[PDB]
Each structure stands twice: as C-alpha cells, then as structure tokens.
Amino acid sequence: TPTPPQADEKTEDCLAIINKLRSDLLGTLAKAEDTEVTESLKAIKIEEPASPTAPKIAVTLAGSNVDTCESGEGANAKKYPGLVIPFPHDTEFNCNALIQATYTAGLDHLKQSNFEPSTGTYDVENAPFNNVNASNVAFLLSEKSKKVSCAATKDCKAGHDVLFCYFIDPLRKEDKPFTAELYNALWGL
C-alpha cells in the first residue's frame, strides 16, 4: 500500500510574486485559511478529498505514491479550480520563478489567442484556457480573486511535484475572466 507524497503550505512564499503581478485595476490578495478553502470548495460541490485544502489537493494532483508522483506532470485545474504548476522532483521549489514563468507563458498564450475580453469565457476544456499557463494567469489576474492558499508537494521521489494555489472566489465555467479595461492594460505592460 503506497505512502503518498506530503505537501507544505506555500502561501507566504508565493503571495509577494502574486501581488507584484496583480499590481490600480486589481486588488491585492490576502492569505486564505484552510477553513475558507474547504468552505469555498463545498459551495461548488467539491468535498473530496475530505475537508479539502490546498495541501490535500496538491497531493491529490501529484499522485498517491511518493515513489512515482506519476500524475503530477499532467496536473491541471479541470476539477480543482486554481493555479497548477508541476515541477520536477529533483528541483528546488522557487515560487517566484514558477509563478513568473507561468505568468509570462500564459499571458503570451492569451495574446496569441483569438480570445477577446467582451466574448471570451473561462472554459478549461477549450482554447485558450485548456493551456495550463493561460488558465493560471486567469486565476492570478481574476477580479473574483480576493484570497489565496498555496501548497506544494515536497518529497516526490520521481515524476513531478505539484504547486496548487486555490483562489477565493474561484473562476468557474462561463465566467468572463477579464474586463476590456484590464485586458487592454495587460497589452500595455
């Protein structure tokens, strides 16, 4: 019977880079506590793993065997809405580097997309938000985001560890992730 990977809370390691990227069109985010994440998930009918939190979801996404973490590389937000970044088991965790890289790649993917802010909705199964980086940028830059809880698996012996950040309130299918004003400002940068 396999031993699962373990996850550490990473909110304090990640909140500086998240709030740097959001910054007067977006509010800063505060830390979400576990209770808040569990209740936010319960409101969108997500109750497994029991009393779900960012650490428990990072583990769920990486896999149930620390010897393989065989699902980490393919992890995404198709079920658990939030930022998802797999990283190799043999690398040092750097939240600044990981989130900056998803931001640059995801904003490039959106710019390359026929996505328009007036018509474009969030759908993790269709372009452009079926790209995990583009999905990650939608959560990072969401006007619905007020709080965040981040966690990462720390001890995968193979495969990819996973960073997961849960935003309250989550983007959901058919939300318009950006106003025209914010989307125009992202081109300005």
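Residue numbers here begin at 1 and follow the sequence given.
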Q.
Neighbours in the displayed sequence, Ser23 and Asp24 may still hide a gap; how many deposited residues lack coordinates there, none, 1 to 3, 4 to 9, or 10 or more?
A. 4 to 9
Q: Quick one: say whether 132-140 or 116-124 has the higher mean Cα B-factor in the deposited entry.
A: 116-124
Q: Would you mind comparing 42-50 and 159-167 for me and telling me which has the higher average C-alpha temperature factor in the entry?
A: 42-50
Q. Out of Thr91, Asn76, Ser71, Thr102, which residue has the highest Cα temperature factor in the PDB record?
A. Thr91
(Q) Considering every modelled residue of the chain and its Cα B-factor in the PDB entry, is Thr35 in the lowest, middle or highest third? (A) middle
**Q.** Among modelled residues of the same chain, the CA temperature factor third for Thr153
**A.** lowest
Q: Looking at the entry's B-factor column for C-alpha atoms only, identify whether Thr11 ranks in the lowest, middle or highest third of its chain.
A: lowest
Q. For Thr60, does the deposited CA B-factor place it in the lowest, middle or highest third of the chain?
A. lowest
